[PDB]
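# Results of the structural survey
Next come the chains, spelled out residue by residue.
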Amino acid sequence: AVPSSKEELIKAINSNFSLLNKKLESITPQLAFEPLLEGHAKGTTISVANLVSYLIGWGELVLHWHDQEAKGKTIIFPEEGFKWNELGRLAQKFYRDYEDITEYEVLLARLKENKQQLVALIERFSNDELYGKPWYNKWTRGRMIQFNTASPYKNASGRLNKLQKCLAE
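Each chain has its residues counted from 1 in the order its sequence is written, and this count may differ from the entry's own numbering; any residue lacking coordinates is left out. The side-chain figures draw on all heavy atoms in the structure; neither hydrogens nor water molecules are used.

- Structure determination for the deposited model, as stated in its record, used X-ray crystallography, and the stated resolution is 1.8500 Å.

### Regarding the overall build of the protein chain
- Helix and strand definitions here come from DSSP, where helices need a minimum of 4 consecutive H or I residues and strands a minimum of 2 consecutive E residues; each element is numbered from the N-terminal end. Helix and strand counts for the protein chain stand at seven helices and four strands.
- The globule rule used for comparison is 2.2 Å times the number of residues to the exponent 0.38, while the radius of gyration itself is calculated over C-alpha atoms. By the compact-globule yardstick of 15 Å for 169 residues, the protein chain fits well, its C-alpha radius of gyration being 16 Å.
- The dimensions of the protein chain, computed from C-alpha atoms along their principal axes, are 50 × 35 × 30 Å.
- Each residue's exposure class comes from its accessible area (1.4 Å probe, protein chains only) as a fraction of the maximum for that residue type: buried when under 20%, exposed when over 50%, partly exposed otherwise. In the protein chain, which comprises 169 residues, the proportion classed as buried is 46%.
- Only heavy atoms enter the contact rule, under which two residues are in contact if any of them lie within 4.5 Å. Considering only contacts within the protein chain whose residues lie at least 6 apart along the sequence, 68% involve residues at least 24 apart.
- Neither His nor the chain termini are counted; the positive set is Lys and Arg, and the negative set is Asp and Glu. All charge positions are set by atom: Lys at NZ, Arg at CZ, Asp at CG, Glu at CD. Side chains of the protein chain give 23 positive and 21 negative charges; the mean places of these two sets differ by 5 Å.

### Describing a nonpolar patch on the surface
- A cluster of nonpolar side chains, contributed by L31, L36 and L167, occupies part of the molecular surface with about 250 Å² of accessible area.
- Judged by relative accessible area, which is 39%, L36 ranks as partly exposed. Residues with no salt bridge and a relative accessible area higher than 30% make up the patches, which join like charges within 9 Å and nonpolar side chains (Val, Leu, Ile, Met, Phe, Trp, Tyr) within 5 Å. Computed with the Shrake-Rupley method and a 1.4 Å probe, the accessible areas treat only the protein chains shown as cover for residues. Salt bridge criterion: a side-chain nitrogen from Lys or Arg within 4 Å of a carboxyl oxygen from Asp or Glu.

### Section: the pattern of salt bridges
- This structure, assessed with the given rule, holds eight salt bridges.
- The partner of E86 in a salt bridge is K83, with the nearest N and O atoms 3.5 Å apart.
- Judged by its relative accessible area of 22%, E86 falls in the partly exposed class.
- Residue classification places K83 among the exposed residues on the basis of a relative accessible area of 52%.
- Here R89 ties to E86 by a salt bridge, and the two come within 2.9 Å at their closest N and O atoms.

### Some details on the UniProt feature "coiled-coil region" (unreviewed entry) in the protein chain
- UniProt positions are given in the numbering used here, feature names are shortened, and annotations may be inferred rather than shown by experiment. When the UniProt feature table is mapped to this numbering, "coiled-coil region" (unreviewed entry) covers residues 101–128.
- In residues 101–128, helix accounts for 79% and strand for 0%; the two terminal C-alpha atoms are 38 Å from one another.

### Observations concerning the environment of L63
- Structurally, the position occupied by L63 is in helix α2 (residues 48–70).
- It is 8.2 Å that separates the C-alpha atoms of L63 and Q117, two residues lying 54 residues apart in sequence.
- For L63, the residues in contact, after removing those within four places along its chain, are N114, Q117, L118 and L121.

### Concerning the nonpolar core
- Formed by 51 residues in total, the largest nonpolar core has its most connected members in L20, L24, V48, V52, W65 and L111.
- Residue assignment for this core shows that the elements contributing at least two residues are α1 (6–25), α2, α3 (87–97), α4 (104–123), α5 (127–131), α6 (141–147) and α7 (150–166).
- The element contributing the most residues to this core is α2, with twelve residues. Working definition of a nonpolar core: buried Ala, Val, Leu, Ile, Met, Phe, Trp, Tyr and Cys residues. They are joined through side-chain atoms within 4.5 Å.

### Thoughts on the packing of α1 against α4
- Running from amino to carboxyl end, α1 crosses α4 at an angle of 175°, the nearest separation of the two axes being 11 Å. Between α1 and α4, the angle is such that the two are roughly antiparallel. Together, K6, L9, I10, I13, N14, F17, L20, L24 and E25 of α1 and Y104, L108, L111, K112, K115, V119, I122 and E123 of α4 make up the contact between the two elements.
- Broken down by class, the residue content of the contact of α1 with α4 amounts to eleven nonpolar, one polar and five charged. Geometry is summarised by axes, namely lines fitted to C-alpha atoms with helices restricted to the contacting stretch, and by angles between N-to-C directions that run from 0 to 180 degrees. Orientation is classified from the angle alone, with under 35 degrees giving roughly parallel, over 145 giving roughly antiparallel, 65 to 115 giving roughly perpendicular, and any other angle giving oblique. Under the grouping applied here, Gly and all other residues not named as nonpolar or charged are polar, the nonpolar ones being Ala, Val, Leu, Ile, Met, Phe, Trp, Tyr, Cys and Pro and the charged ones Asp, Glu, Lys and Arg.

Printed below as a string of structure tokens:
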């Protein structure tokens, strides 16, 4: 099973995020910018800071989809200039988009503020708007939000777990 209602979506976001944030807070800032993790496509090595940038980029993109929609613009999925089979390259874009935020603590604050903006976004829609009808092809709005919030938060926690093993060896 996967979240199937507004209430379960919000729970899954808060929960996955709280576990991720605990792990992120435990990383020494002076190590957060070094290439130490496997990336989002074959043969890359990324930093913790890159991983957080990835999450913020996906969250800002979900907000961007909603902004385009609010303004009556046609949404290009996943993003203008990218196909769905090019999500590895989109990851690269997100790393570069936040590569200026060089203080680890400002990076974490940005991620938190993004998560809160996404929770506030979901809160504006009814359970029926989110889960009772298609939004992108057969996918509901809720599912499309989930895929790019709660799911990458959990995936990132798993990646951090592997790292934290090494840093105790």
